[PDB]
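Each remark here refers to the structure printed beneath this line.
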There are 6 protein chains.
Amino acid sequence: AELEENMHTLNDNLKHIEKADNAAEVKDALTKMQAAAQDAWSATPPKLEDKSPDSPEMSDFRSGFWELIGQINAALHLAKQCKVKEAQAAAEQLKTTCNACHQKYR
Amino acid sequence: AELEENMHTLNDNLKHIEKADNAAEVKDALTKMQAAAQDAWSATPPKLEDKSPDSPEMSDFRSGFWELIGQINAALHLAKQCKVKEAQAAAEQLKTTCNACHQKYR
Amino acid sequence: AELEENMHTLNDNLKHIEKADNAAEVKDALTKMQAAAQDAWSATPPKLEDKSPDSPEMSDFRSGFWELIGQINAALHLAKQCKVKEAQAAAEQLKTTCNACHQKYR
Amino acid sequence: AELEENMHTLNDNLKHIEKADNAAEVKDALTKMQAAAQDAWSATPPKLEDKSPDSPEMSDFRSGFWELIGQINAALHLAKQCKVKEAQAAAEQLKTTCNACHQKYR
Amino acid sequence: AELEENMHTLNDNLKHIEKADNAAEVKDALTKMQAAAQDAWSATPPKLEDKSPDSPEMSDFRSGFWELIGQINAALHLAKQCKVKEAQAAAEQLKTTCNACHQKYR
Amino acid sequence: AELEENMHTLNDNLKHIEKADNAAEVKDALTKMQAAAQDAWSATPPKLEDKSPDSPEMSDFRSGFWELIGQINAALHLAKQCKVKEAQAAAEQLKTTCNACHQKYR
Ligand code: HEC
Ligand code: HEC
Ligand code: HEC
Ligand code: HEC
Ligand code: HEC
Ligand code: HEC
Ligand SMILES: [Fe+3]
Ligand SMILES: [Fe+3]
Ligand SMILES: [Zn+2]
Ligand SMILES: [Zn+2]
Ligand SMILES: [Zn+2]
Ligand SMILES: [Zn+2]
Ligand SMILES: [Zn+2]
Ligand SMILES: [Zn+2]
Ligand SMILES: [Zn+2]
Ligand SMILES: [Zn+2]
Ligand SMILES: [Zn+2]
Ligand SMILES: [Zn+2]
Ligand SMILES: [Zn+2]
Ligand SMILES: [Zn+2]
Ligand SMILES: [Zn+2]
Ligand SMILES: [Zn+2]
Ligand SMILES: [Zn+2]
């Protein structure tokens with residue numbers, strides 16, 4: 001999908017996680033988030049169209065999705081442990097990574 | 001899967017592409033390669049276990065899979081155009097990227 | 001996904017079909033369209049939140065996706081016959097069905 | 001699949017749900033039911049082959065699968081809440097919807 | 001699925017192959033056949049419920065699906081070579097294997 | 001995949017099961033094992049390349065995967081019952097079947 005649709009997927013599933021009433025919903029939403037972040041990490045955003053693939057900006061953009069995906073997976077592990085509230089709190093913390101990328105490259 | 005199993009998947013499917021007799025086989029194998037490279041780009045290899053995630057080494061390791069995946073996708077586009085020989089030749093060129101990573105980090 | 005994300009999926013894949021250079025791309029995009037239309041036909045749109053499920057409006061809304069999905073499948077059959085231009089022309093004709101629903105319920 | 005195979009899938013999975021000993025089995029079976037009902041709602045049954053797609057009969061036939069799918073999803077939510085007995089009881093109630101369609105159109 | 005539903009899947013997809021107008025349909029149907037045969041080879045049929053798993057009957061029953069799956073895959077290879085008529089003729093030949101099993105164990 | 005890659009998949013997932021901290025991990029790993037065993041049961045191993053498909057050796061090789069898959073499924077049922085330790089103990093017992101095949105045919 002387009003990068004912007006991956007972003008809508010990330011945003012909508014974060015909301016599902018916040019309002020989830022059970023572990024299965026949190027796991028389902030985190031899985032959809034892992035997939036969207038995977039589809040996005042290789043894209044090139046608008047504000048970076050004019051840059052060498054090896055530009056530290058592109059490398060930094062990637063690192064951001066690398067960090068996000070690591071955090072998504074850690075929250076998913078908590079959900080697999082049936083620690084629903086802890087998984088939801090970890091999902092909240094993701095937003096720091098969303099925000100840090102958006103501040104630089106959105 | 002473990003990083004080493006992703007590597008076996010990449011290696012075996014390159015061989016299928018070389019010996020393929022039709023576009024469907026080349027597409028199938030390139031698809032399996034995209035998936036293995038996706039599963040690998042987030043891993044941390046042995047020779048790099050002692051490094052900051054932001055270490056230019058980890059960033060470089062990622063860039064290598066970024067490059068590989070771009071080339072896999074370009075070869076896949078050729079196969080979707082039914083340009084089997086051209087796709088096979090592009091698959092050959094991938095090995096430069098395999099080799100460059102292995103020289104540094106394997 | 002939310003109804004609005006199904007709509008983004010339909011819109012983006014129509015654009016891929018228009019600019020496609022081969023049958024595989026058209027088939028891939030039509031498949032993603034079938035799936036989005038399937039995810040949408042059971043939803044309830046905003047302008048209809050206040051209506052009996054059996055309201056002729058909800059029945060009409062459904063009929064619209066029923067028609068759309070039939071047309072998506074017919075275009076997909078053309079693509080499976082490798083009739084790329086004909087499939088692209090059929091994809092264009094879909095927009096009449098998009099438009100007719102939007103005029104009533106969007 | 002043919003409409004009659006979707007019906008066999010619905011019937012067999014209802015039986016699995018009745019005899020299930022755990023939530024995972026109920027969820028698995030309800031998921032297979034959602035998929036079969038999705039594959040069926042767009043079909044046209046024998047006793048209706050001679051009717052305008054907009055015939056209130058075809059619209060009614062669709063509404064029946066719309067209702068069924070809503071009930072399947074509600075039972076699935078109960079199973080995700082680990083309310084196995086409640087999910088099984090909701091699966092029983094589905095049969096009212098099966099029966100009402102069959103009385104008219106089977 | 002139940003063994004009898006795997007059999008319905010095999011039967012219906014053979015019919016799709018006979019009436020197919022393009023390679024994609026033949027491949028799609030053969031793929032569904034491979035999956036049904038995979039789901040069946042491990043089952044135990046009624047007329048054999050009273051037999052040691054190592055009974056030469058169970059071993060023979062398995063061999064039959066082993067043979068069938070090999071033939072399904074060979075027909076699929078022909079379809080990937082875009083040899084539609086040859087794939088359809090190979091699909092016809094499958095029925096010898098269906099028949100031989102049914103004569104013994106159905 | 002090649003038979004040897006199916007074997008790596010079986011081996012790696014057994015290790016995940018041993019070190020699992022929750023049911024979801026055990027189920028995920030057992031599912032990957034079922035799939036690898038399914039991909040392997042139809043192969044022909046090196047030490048048997050020179051044998052009639054109906055050779056009691058090939059029939060015996062198959063029986064071994066038949067037994068393995070039955071045991072994988074039984075362990076999976078325990079995991080679906082949330083009996084994690086019991087599922088892990090059943091996964092241990094699988095190794096008897098791995099070993100018996102390897103002694104004869106590896
Ligand atoms: C970089 C490493 C990013 C991370 C991590 C996340 N996002 Fe993002 N996002 C990023 C960019 C470069 C853009 C602009 C894309 C464009 O086409 O302009 C966005 C955009 C969004 C949007 C708005 C989409 C739109 O309609 O234009 C949303 C709602 C959004 N991003 C959400 C989001 C969330 C919730 C994330 C973490 C869970 C997240 N993004 C991560 C870059 C990056
Ligand atoms: C880094 C960016 C790499 C790219 C691109 C590719 N490979 Fe690789 N590979 C890499 C590492 C760090 C390692 C060592 C992993 C370990 O556990 O030691 C490997 C290993 C292999 C192997 C051997 C696996 C084994 O049995 O130990 C193979 C056969 C292999 N890699 C193949 C391969 C191919 C064909 C690639 C391109 C198509 C490729 N790799 C890319 C790192 C990287
Ligand atoms: C009813 C039967 C519809 C059919 C067929 C299609 N669409 Fe639609 N669409 C419909 C509604 C009720 C809405 C409003 C949803 C809302 O939340 O307000 C929409 C919306 C769109 C949009 C805008 C999405 C947004 O960002 O708000 C787009 C781009 C769109 N729809 C596209 C689209 C296409 C391309 C279709 C056919 C291929 C199509 N829609 C069909 C209802 C219906
Ligand atoms: C209409 C909205 C239906 C709903 C809801 C369900 N079924 Fe159905 N079913 C319907 C029709 C029109 C038919 C006849 C199809 C034909 O080819 O004649 C059927 C058939 C069945 C059958 C028999 C299949 C056969 O072997 O001929 C079964 C066992 C069956 N249906 C089961 C079933 C169940 C369990 C349902 C709810 C969970 C259900 N159906 C819903 C139409 C509709
Ligand atoms: C054994 C190795 C078989 C092979 C190969 C195939 N079939 Fe079969 N089939 C087999 C059995 C033991 C049974 C009886 C199952 C039962 O529950 O009684 C069947 C049954 C069928 C049926 C009828 C299903 C029903 O409604 O009762 C059909 C239509 C059928 N089988 C078709 C079929 C086809 C087309 C096959 C090859 C492509 C095929 N079967 C292979 C055992 C075996
Ligand atoms: C026969 C019925 C087998 C069963 C059951 C299992 N394995 Fe196996 N395995 C088998 C063969 C014939 C071979 C040799 C394949 C070859 O190409 O030489 C193997 C090999 C392995 C290996 C080594 C793979 C390699 O790198 O060469 C491993 C690690 C292995 N098998 C593991 C394994 C496990 C864990 C099993 C049960 C859970 C298992 N195998 C079952 C044949 C059979
Ligand atoms: Fe659970
Ligand atoms: Fe083709
Ligand atoms: Zn797109
Ligand atoms: Zn809920
Ligand atoms: Zn692993
Ligand atoms: Zn391996
Ligand atoms: Zn070939
Ligand atoms: Zn949502
Ligand atoms: Zn969107
Ligand atoms: Zn293209
Ligand atoms: Zn069919
Ligand atoms: Zn059970
Ligand atoms: Zn069943
Ligand atoms: Zn059936
Ligand atoms: Zn056709
Ligand atoms: Zn291979
Ligand atoms: Zn864990």
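Below, each value reflects all heavy atoms present in this structure, side chains not excepted, and no hydrogens, waters or symmetry copies. Whatever order the structure lists them in is the order used to number ligands and atoms, beginning at 1. Within every chain, numbering begins at 1; the chains are lettered A, B, ... in the order of the sequence lines, protein sequences first and strands thereafter.
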Which is the closest N/O/S atom of [X] when seen from the Zn ion (ligand 18)?
X	value
D:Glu25	OE2
D:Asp21	OD1
F:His77	NE2

Could you tell me whether a side-chain N or O of [X] sits under 3.5 Å from a main-chain N or O of [Y], the two making a donor and an acceptor?
X	Y	value
A:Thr31	A:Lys27	yes
E:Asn73	E:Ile69	yes
E:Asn13	E:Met33	no
F:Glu18	F:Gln88	no

Requested in this report: Starting from the Zn ion (ligand 20), look over the N/O/S atoms of D:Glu5 and name the nearest one.
Outcome: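 In D:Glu5, the heteroatom (N, O or S) nearest the Zn ion (ligand 20) is OE1.
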Requested in this report: Output the atom name for the N/O/S atom of E:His8 with the smallest distance to the Zn ion (ligand 20).
Outcome: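 It is ND1, the N, O or S atom of E:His8 closest to the Zn ion (ligand 20).
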Report task. State whether D:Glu4 contributes an N/O/S atom found under 2.8 Å from the Zn ion (ligand 20). Result ->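 No, since none of the N, O or S atoms of D:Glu4 sits under 2.8 Å from the Zn ion (ligand 20).
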Report task. Calculate the angle formed at the Zn ion (ligand 11) by OE2 in B:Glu2 and NE2 in F:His16; 10° precision is enough. Result ->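 Approximately 90° at the metal, rounded to tens of degrees.
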Query raised in the report: Do B:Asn6 and B:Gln38 have side chains that get closer than 4.5 Å, going by heavy atoms?
Result: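 No; the side chains remain at least 4.5 Å from each other.
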Report task. Would you tell me whether E:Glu2 and D:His16 have side-chain atoms, one donor and one acceptor, within less than 3.5 Å of each other? Result ->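 Yes, D:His16 and E:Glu2 have a side-chain donor paired with an acceptor closer than 3.5 Å.
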